[PDB]
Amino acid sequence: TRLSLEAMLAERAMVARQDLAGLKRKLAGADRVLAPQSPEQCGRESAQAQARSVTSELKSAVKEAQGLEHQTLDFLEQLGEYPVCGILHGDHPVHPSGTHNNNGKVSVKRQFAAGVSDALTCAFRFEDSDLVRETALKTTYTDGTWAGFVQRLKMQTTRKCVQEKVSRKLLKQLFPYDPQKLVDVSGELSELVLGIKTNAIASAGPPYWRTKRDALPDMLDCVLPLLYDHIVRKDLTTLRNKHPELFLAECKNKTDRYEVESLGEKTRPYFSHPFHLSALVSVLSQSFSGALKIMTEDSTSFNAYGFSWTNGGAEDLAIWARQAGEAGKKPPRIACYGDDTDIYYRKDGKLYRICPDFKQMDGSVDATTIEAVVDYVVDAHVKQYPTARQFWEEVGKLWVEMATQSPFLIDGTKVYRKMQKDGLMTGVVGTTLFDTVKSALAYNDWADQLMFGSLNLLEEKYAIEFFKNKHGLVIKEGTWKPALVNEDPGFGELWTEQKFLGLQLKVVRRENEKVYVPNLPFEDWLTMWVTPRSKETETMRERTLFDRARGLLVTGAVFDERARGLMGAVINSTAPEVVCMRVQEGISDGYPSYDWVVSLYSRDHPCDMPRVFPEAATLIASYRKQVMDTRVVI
């Protein structure tokens, strides 16, 4: 058919980036802007052998920890077995035949695989063998162990909690929001649920037993209308009795970076709820998160949920922290993201910083906090939108139940329930906000105690005791270590050596200006490199190494000498065709230069990454524009 020459050129370029052999031929003589790198310490085969050795030792340790016996699940209420859902949508049951079914009973099987790399081979190629070996034997990305899973589940379900003193007024002070940014919940429900964002490959939960992508029509067309009709009729107890799997959850073992020494003691449990329930509550949660302010925007906010290190965020944290005041006389600067807190106070005019963490904070989350957070979010919406008060208040009751008393399967047909309402069931929508509020309520009380003159609470022993006795929260060991802050750090200097949100804060130099950037020691970047959170062709594996190397540089590895070198070596080792191939993005052929990453963390206007091959576009299109004037004199 007839097409413009521009359109033909565009189509050709798209097709050309999908032809690897063509890309190889076109870029075979192209100039490459190579990243700064560190040299090879050993050959390909030596690196592969050292990797194979460490991988064999790790697989032995993981297999041994997975063989460890687990304690009984008698700490949980036993609710029996549930029949498989018989709801039919069109030609198929919502619960697929032959799946999650033992004699008409819903069943699950916990997977604890022995695991098993390209990244480890690259580390041995460019780094000291002893350091790489010690780093890779210390931490591994694994499904964990039955023993660690049950142990952590016991702690999360059996912790004695302290009911917080919380009002909507306190929550407005600690967690301010913009009411105009809240979505209109008085709108039609179908449109609202369609607006929620989700992980397409995540499990839709019972009764779908498939990805949210595959189960979306069964949710929207069949189950969600059923649920709505029972909500508006106050007949949800009938729905639960007739269809229990509609309100069933799955306790799952989290695949995570786990310390090899503690694999038998710690495997984190999470709960996978039904899609219909999650989607309804996500209308309220995703709207509220959009309206939520952060501490840098409001001095009263204890909220770091939403904070970005980029676009001046790192410097914003320092500006916010310096406005901290003398303990007992003026307010401290406290910001919380779940279990992670940044605390700033002044003693004799000198700024000090504490970066404490809590242990299994979800078990400590009391039911009063959960109900109050739900009331705060629901009330925020019904104030701005009063026409839909009753429906969303009923959704709030479903939210509290999913967060505290949802029945759940672990392995097999037995359904269990937490004996106590206290304890957040991690995985419910709002998990991070519930944890953030609990932390902020405790730290707000701690600051009130300092204004009352209890300055001994700045000290570790008293602080640990305060959070346990008054708030049921256990301070992680080593996390209460007050440190003098370098308030105006010179070039190449750290604010403190402590980490907030997993990263240290450092000042770097651009001309004579100071740019605040995230930083970590080399060992920390090396741990992340060797332990990919990977869920296949050689090409995709080569692209994955390039993408991971670029990601770690943008996260701050560009500010560590050895990490910048390793990631540069991986990027430079990537074939030209793999760098310039068509890829799924948010063609990504740029690289993170030191200057680009400095610009990202600065308040500079956004810019594209410098190109690895500056002539790639012209070479792939086989055409470079030459200006040809029609106004010449002939």
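For clarity, a rigid core is taken as the largest C-alpha set superposing within 1.5 Å between two forms. Numbering starts at 1 and runs along the sequence shown.
- After superposing on the rigid core, the larger RMS C-alpha deviation in 7 other deposited structures of this protein belongs to 605-613, the other candidate being whichever of 605-613 and 591-599 remains.
- Relative to the shown model and aligned on the rigid core, the C-alphas in 7 other deposited structures of this protein deviate most, among 419-427 and 251-259, for 251-259.
- Modelled in this chain, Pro36 is likewise resolved in all the other entries of the protein that span it on both sides, not missing from even a third of them.
- Modelled in this chain, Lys438 is likewise resolved in all the other entries of the protein that span it on both sides, not missing from even a third of them.
- In the deposited sequence, the stretch from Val116 to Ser117 hides 1 to 3 residues that have no coordinates.
- Legend: mean Cα B-factor per stretch from the PDB entry, 78-86 versus 350-358; the higher mean is in 78-86.
- Mean CA B-factor, 490-498 versus 180-188: the higher value falls on 180-188.
- Across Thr531, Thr121, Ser287, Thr479, the greatest Cα temperature factor reported in the deposited entry is at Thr479.
- Each of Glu523, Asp143, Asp342, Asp229 has a CA temperature factor in the record; the biggest one is found at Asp229.
- In the PDB entry, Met609 places in the lowest third of its chain by CA B-factor.
- Residue-level temperature factors show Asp547 in the lowest third of its chain, judged at the C-alpha atom.
- For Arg582, the recorded CA temperature factor ranks within the highest third of the chain's modelled residues.
- In the deposited entry, the Cα temperature factor of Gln390 places it in the highest third of its chain's modelled residues.
- When the CA B factors of the chain's modelled residues are split into thirds, the value for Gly453 lands in the highest one.
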